[PDB]
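To keep things clear, I will list the structure first and then write my remarks on it.
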Amino acid sequence: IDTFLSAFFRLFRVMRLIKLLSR
Amino acid sequence: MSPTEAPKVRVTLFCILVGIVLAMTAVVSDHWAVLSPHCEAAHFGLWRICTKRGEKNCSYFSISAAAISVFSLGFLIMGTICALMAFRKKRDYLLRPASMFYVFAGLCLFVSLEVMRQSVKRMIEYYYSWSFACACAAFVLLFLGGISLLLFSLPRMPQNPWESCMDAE
């Protein structure tokens, strides 16, 4: 929506490898 | 059932209710951004903007703020739906997605107020009196309530060698 026409939401995809510990 | 009727979750549900109602009311109340040119203090809002000294009228002019606001309110609606469905027919697990939705609605509201703070900074010095403290309080209420509801919904950290998650209640 920025491109159609706010910085910390990019950190959620970094936490994707916290779930790596599950194994 | 055990984490459903407990007071520790009832108080957080009440906090979420007052936060959601005050946030829904706070989207129309444009009483946070006032700028003195130097008797022409202005009023900046998401939808309609006006300046007053009789001849008073407010209308629009950055619609990303409106889009993220409607996304946040949709998140609030989904969270309320999940929370309501949790109570009946003993759906004890449905309290988690409600917490996630409330947390994300609070974060979306935080980002909207951040973009509006940037907008009011780019325009003299402003002053927050009525609605900016309201929006910040709504964000804090929703965020803390969602986090606490999530933490209470999750059973407990084992703290025992034999104890583990996903046990038989």
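Starting from 1 in every chain, residues are counted up; chains themselves are A, B, ... following the order of the structure tokens, and ligands are numbered from 1 as listed.
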
Could you list, as number ranges by chain, every residue of chain B that has an atom within 10 Å of an atom of chain A, counting only C-alpha atoms? B: 62-64, 67-68, 107-108, 110-112, 114-115

Dump C-alpha atoms for the selected residues as a short mmCIF file (atom, residue, chain, number, x, y, z; two decimals), in the first residue's frame?
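Contents of selection.cif, as written:
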```cif
data_model
loop_
_atom_site.label_atom_id
_atom_site.label_comp_id
_atom_site.auth_asym_id
_atom_site.auth_seq_id
_atom_site.Cartn_x
_atom_site.Cartn_y
_atom_site.Cartn_z
CA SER B 62 -1.98 10.30 2.92
CA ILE B 63 -4.96 7.92 2.87
CA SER B 64 -2.63 5.14 4.04
CA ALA B 67 -6.40 2.23 5.24
CA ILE B 68 -4.36 1.06 8.22
CA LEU B 107 0.31 -2.31 16.63
CA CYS B 108 -1.57 -1.07 13.55
CA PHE B 110 0.53 2.57 16.83
CA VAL B 111 1.82 2.76 13.26
CA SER B 112 -1.11 4.98 12.23
CA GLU B 114 3.26 7.31 14.13
CA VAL B 115 2.51 8.32 10.54
#
```

Segment 36-109 of chain B: residues DSSP assigns to strand (DSSP E or B), reported as a list in words: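 Secondary structure check on segment 36-109 of chain B, strand (DSSP E or B): residues 42, 43, 44, 49, 50, 51 and 59 of chain B.
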
Do you know which residues are at most 7 Å from segment 3-13 of chain B counting only C-alpha atoms, after dropping those on the same chain fewer than 5 positions away, and could you put them as number ranges by chain? B: 92, 145, 149, 153

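Counting from atom CA of residue 132 of chain B, the distance to atom CA of residue 34 of chain B is 10.8 Å.
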
Selection: 8 Å around segment 21-25 of chain B, only C-alpha atoms, excl. self and same-chain fewer than 4 positions, as a ChimeraX atom specification: /B:17,29,73,134-135,138

Chain B: which residues are helix (DSSP H, G or I) by DSSP, as an MDAnalysis selection string? chainID B and resid 7:26 64:90 95:122 132:153

Skip residue 147 of chain B itself and residues of its chain fewer than 4 positions away, then list as a list in words all residues within 8 Å of it, counting only C-alpha atoms. residues 99, 100, 103, 143 and 151 of chain B

What's the separation between atom CA of residue 30 of chain B and atom CA of residue 65 of chain B, in Å to one decimal place?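 Computed distance, atom CA of residue 30 of chain B to atom CA of residue 65 of chain B, equals 13.6 Å.
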